[PDB]
Amino acid sequence: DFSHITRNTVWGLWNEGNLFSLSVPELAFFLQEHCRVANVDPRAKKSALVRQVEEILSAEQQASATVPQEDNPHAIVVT
Amino acid sequence: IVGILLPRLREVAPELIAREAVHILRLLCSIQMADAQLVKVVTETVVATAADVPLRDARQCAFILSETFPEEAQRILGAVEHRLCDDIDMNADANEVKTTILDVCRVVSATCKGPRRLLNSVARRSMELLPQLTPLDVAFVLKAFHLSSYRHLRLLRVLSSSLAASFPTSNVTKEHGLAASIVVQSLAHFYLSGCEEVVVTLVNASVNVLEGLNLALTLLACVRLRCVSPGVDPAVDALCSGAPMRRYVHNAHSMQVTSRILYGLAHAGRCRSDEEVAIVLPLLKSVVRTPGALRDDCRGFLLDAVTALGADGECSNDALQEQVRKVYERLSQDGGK
Amino acid sequence: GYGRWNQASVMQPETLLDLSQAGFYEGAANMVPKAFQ
Amino acid sequence: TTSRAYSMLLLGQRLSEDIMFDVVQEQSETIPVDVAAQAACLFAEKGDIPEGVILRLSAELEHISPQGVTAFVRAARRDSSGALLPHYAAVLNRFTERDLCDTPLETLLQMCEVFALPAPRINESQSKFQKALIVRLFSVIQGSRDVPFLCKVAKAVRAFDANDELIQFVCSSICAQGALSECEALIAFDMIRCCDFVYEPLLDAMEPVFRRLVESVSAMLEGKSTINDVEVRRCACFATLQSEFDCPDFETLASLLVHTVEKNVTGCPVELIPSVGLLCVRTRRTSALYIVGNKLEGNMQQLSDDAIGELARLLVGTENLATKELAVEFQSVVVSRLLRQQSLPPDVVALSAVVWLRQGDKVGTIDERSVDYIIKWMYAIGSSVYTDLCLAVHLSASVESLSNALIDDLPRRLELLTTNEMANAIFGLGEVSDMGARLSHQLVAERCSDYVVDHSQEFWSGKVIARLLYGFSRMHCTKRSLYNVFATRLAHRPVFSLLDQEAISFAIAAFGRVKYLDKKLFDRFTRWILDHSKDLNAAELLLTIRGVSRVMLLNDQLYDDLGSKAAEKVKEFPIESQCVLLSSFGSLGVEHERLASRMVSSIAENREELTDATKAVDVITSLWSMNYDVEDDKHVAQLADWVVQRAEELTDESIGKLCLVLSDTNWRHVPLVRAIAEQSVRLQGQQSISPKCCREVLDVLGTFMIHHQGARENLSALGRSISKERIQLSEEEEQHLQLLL
């Protein structure tokens, strides 16, 4: 579609659990430009595109946000 | 204010309850400002949510925009036809079913079209509701089957019999005058027999109160009934001798009525007696002196009348024949001469 | 009020409460971290 | 081998799992293109068409036989994925033509029927094909004089193709012929009813023949009664057709016929009565009572094959005229007819099965032959019959094969029925498939879920949405997409403000069964049910209290109102409903004195119907959690004494919970403590106890000062292993200790 849909917008929508409030062309553009997928059949409905976008976003997310609020031995650190 | 706010209407239109869209359309149509851009949106919403929507609201929405946009009203009625038929069949209270049949008959008559099953159900219900039927209710119910070309012979005969020439104090003024016109027009549209007595008593009771121009329409019906019902002939005589026509002879209220009267009078052969001559001659002279060219329906009616008069060899009055020739040249000048 | 209301289905143990919130993160004001001097 | 499969599919028969594997048979080239087309047709119903078939049909397409065109259009109309929509522009209805004036008329009829299939949930070529076919049909039928021929071509063009000018011409021609025999008159009535059309002179010409037939059948009664079967059959056919056409002019004849039959039911032929009863269903005639079935109790063995069809169609009508004896005799008759040749259409058999199933437990179990017949010829069954079967399969027990064969065609049946039928079928399958809850019922459900969330913009009814959600909830299909989308599609102003005491309780229960509370939507739901609360029927308070309590909503006014309403109506709730309604309040922690006081009396009085004592101890625990005094009136005492008397069905969890209740509440009542000790001993006797339960029973025994040496002895080693904290020592310290002691 156009340039208003960016990584920040999709990330916010994903974190608020409201990804389905988007049109099919928007999701297709996001997958074809941001996620850099090979090609998408211009026939898939909302569910397949949403699942693909969601899996790609979760797989490439590797910055842990949780902080362990517990004590644990066997951990070696040199700080 | 409405003109300024209207462009916002098309933006927030598909979020309105039907019970408020009714008042929206009433306000927009009472000032002739309503446009055909939000009407289609409201119609789409109503036809989409026809599964569960109060029938009163659907009837109101179908009736309100029937005058200007008929197709949307037709689609709205077709969306809830089956539910309306089931409601009009299974219901018990007389008042609500009476109001429903009257309103649906009015909608069908206004739109000049009607579904088959709904008309059948309305027919049987109107048969079951015979006692509470006011004369205007019967008039409108029979009018609905007119302007729609739907035949219910049992309904026609039964309602004509149940009319029974029962008038308020037997001196009805207008409660069965338009009803009389509807009756004769319907029985002429779907020709039948056995109604001679009802027809003649109704004509006798209505000619005294038929001062309206609808009498002319009745005349047409009467001549259109002369082919198969000879017994109507005296009533036409009464219709040719009523006080309203005596008053109309002096001044022609409507020239279209003058043309239709001339056609009916010619087809009835009423150009022989001296009274008939004294009636026709003012009309022909008025048509000759009528300013401007005749209207399309009007010029067609006078063309048919003059063709019939030329085919009518009974016209022996030389002054009348000369006047007919004058109308001939006047119509030719309207047509190019 | 149909469908054997007197036979409640066995409720699976793998059900944790979930909430749906819309517009929590979206907005021009809540767009980027800020700083002051 | 694909031709046999294609023909058997067109016959409406069911596939077998071996046939698909046989027709796969390495579907590569070196076969005619029509074979590829029919393989595509066969595979369209069973999932999406494979990509290899698509590419092979797009590549090898050079010339197409008329049967190939029929297969192509069938595959295009039946495919849900739209895989045939491309390459459908390549062959737009064969815009090159060469089909008309080149194929037999029967192929044109096949075209007409295949075009009647509903479209899946750029088109001007369709209009071009429609007008070309209209012209071709006009040309062929212009120069032929054969009444059944035109009648069947009118049946063909019955689909919405023209502006009814062709049917007008056909009616004008048949009226102009002027020779109207009874058979031709009946077939013309069939065409005019099928086309849903009205013509005046045709009715005028038709009336005298039917008047003569009705007069003869009236004379056929007592007096001048020379029995003739064909006359009665023709009269029955006319009555059947008029029963649904409802002609405004053919009404005096039917009224006279029914009036004649009603007052002189002495020896009229058996074939007549089913048709006159079907006609009596129309026009709201209650005189059909004490007529149908009154004479037709056990003599229905002589009915013809056609008679049984309208008999079934009548019985599946108003239930008031369906009795146990009538249903049993009907089932016997239909199974006898299946045993012989000339088998009835599957519609009649399926309707008889529905009639049997509606009765429920008053009858036994349907024959396996009827179930086998229904399983076969599955696709010949109409959508309404499918909905009836799905709605009725849950009202009787001992049905497992029919239900398993019932949820097998739903993925292929998605596009062939309206949304209301979808919701009704999904809810109807939500009671027996949950009893199944097998893995084979997952994938199907999964597929259905996807479809429902794709075309979710066509659902404009609250009741349909809520019933569909409840059906999906009673299937162990918990997701996030479906509920998220349908909690927003239901929040529209037009979609909302149309719910009334239903689709709110169903929706609330469906939401609370999967824990997907939506805040603002639930707020509006609570406000609505607070506004109109005094008029909620039973079996709906139970459906909303559980749903609103499983999502952890702590409201005071709403719970107060619901508790008061439930306390007012107590006799309607059965035993298990009482237990669940107590546990629902008990789970959160809210308290209501009136509800518990009024509701424990019924569970005390109907104590003997409990399955065992475990439910009793569960009720006692849930009552404790609600902050209700357990030392209250003798109803709790009766429950405790009943548990004591049958204290052999208790288990570890029940003993633990009861011990917790006694320890917390300080209940001195000893006989239940003695029973607990003895049952703990017996449970340990078969090594089916847990150390925590032993610890709890020892704890309560120690607190209440009861010796019970037998329980103290054998449970000591089990109870001490959980409470005694042991320091892990190395072997050197172990040997030092050995030296010490």
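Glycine gets a Cβ as well: all are built from the backbone with ideal geometry, and neighbour counts include every protein chain shown. Any read-out appearing in this document is the output of simple, stated calculations on the displayed coordinates, not a laboratory observation.
Using a Cα-Cα cut-off of under 20 Å, which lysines could be cross-linked to A:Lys46, ignoring same-chain neighbours fewer than 8 residues away? Cα-Cα hits under 20 Å: D:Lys479. Between the stretch B:165-179 and the stretch A:7-21, the C-alpha centres lie 74 angstrom from each other. Can you bin the protein assembly as shown into rounded, prolate or oblate? Criterion: square roots of the alpha carbon gyration tensor eigenvalues sorted a ≥ b ≥ c, rounded for a/c under 1.5, prolate for a/b above b/c, oblate for the rest. Since a/c reaches 1.5 and a/b is larger than b/c, the shape of the protein assembly as shown is classed as prolate. Shape analysis of the stretch B:171-270 places it in the oblate category; the axes a ≥ b ≥ c from the Cα gyration tensor give an a/c of at least 1.5, with a/b not above b/c. For the stretch D:293-423, the Stokes-Einstein estimate of translational diffusion at 4 °C and a viscosity of 1.567 mPa s comes to 85 µm²/s, using the Kirkwood hydrodynamic radius over alpha-carbon pairs. Helix B:177-189 and the long axis of chain B differ in direction by around 80°, with both axes built from C-alpha atoms. With the highest mean first, a sort of the peptides D:252-261, D:280-289 on other beta-carbon atoms found within 10 angstrom per residue produces D:252-261, D:280-289.
Axis of helix A:24-33 versus longest Cα principal axis of chain A: the two differ by about 60°, to the nearest ten degrees.
Based only on other Cβ atoms within 10 Å, what is the fewest-to-most ordering of A:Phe30, D:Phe95?
D:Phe95, A:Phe30
If you take the square roots of the eigenvalues of the alpha-carbon gyration tensor of the stretch D:53-121 and sort them as a ≥ b ≥ c, do you get rounded (a/c under 1.5), prolate (a/b over b/c) or oblate? The shape class here is oblate. Each Cα pair of chain D feeds into the Kirkwood radius, which the Stokes-Einstein equation turns, at 10 °C and 1.306 mPa s, into a diffusion coefficient of 49 µm²/s. Legend: Rg and Dmax of the stretch D:520-643, from Cα coordinates, 14.7, 48 Å.
In terms of packing, defined here as the mean over residues of other Cβ atoms within 10 angstrom, the peptides C:9-21, B:115-127, D:444-456 line up highest first as B:115-127, D:444-456, C:9-21. Note on the stretch B:225-337: Kirkwood radius taken over Cα pairs, Stokes-Einstein applied at 37 °C and 0.692 mPa s, translational D equal to 225 µm² s⁻¹. Between D:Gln13 and D:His532, the modelled labels are 5.4 nm apart [label points 7 Å from Cα along Cα→Cβ]. Averaging 1/r over each pair of different alpha-carbon atoms in chain B and inverting the result gives 23.0 Å, the Kirkwood hydrodynamic radius. Taking 7 Å steps out from each Cα toward its Cβ at B:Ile4 and D:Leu443 produces label points 6.5 nm apart. Mean per-residue shielding of peptide B:148-159 is 2, counting Cβ atoms of other chains within 10 Å of each Cβ.
As a proxy for reagent exposure, ranking D:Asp361, D:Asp523 by other Cβ atoms within 10 Å from fewest up yields D:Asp361, D:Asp523. Pairwise Cα distances in the stretch D:207-260 exceed 15 Å for 43 percent of all pairs.
When the convex hull of its Cα atoms is viewed from all sides, the stretch D:1-52 shows a mean projected area of 3.5 nm².
Mean-square fluctuations from a GNM of chain B, with a 10 angstrom spring cutoff on Cα atoms, peak among B:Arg226, B:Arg246, B:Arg157 at B:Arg246. Reported to the nearest whole Å, the Cα centre-to-centre distance from the stretch B:221-256 to the stretch D:132-180 is 46. From the alpha carbon centroid of the stretch D:256-286 to that of the stretch D:374-408 is 32 Å.
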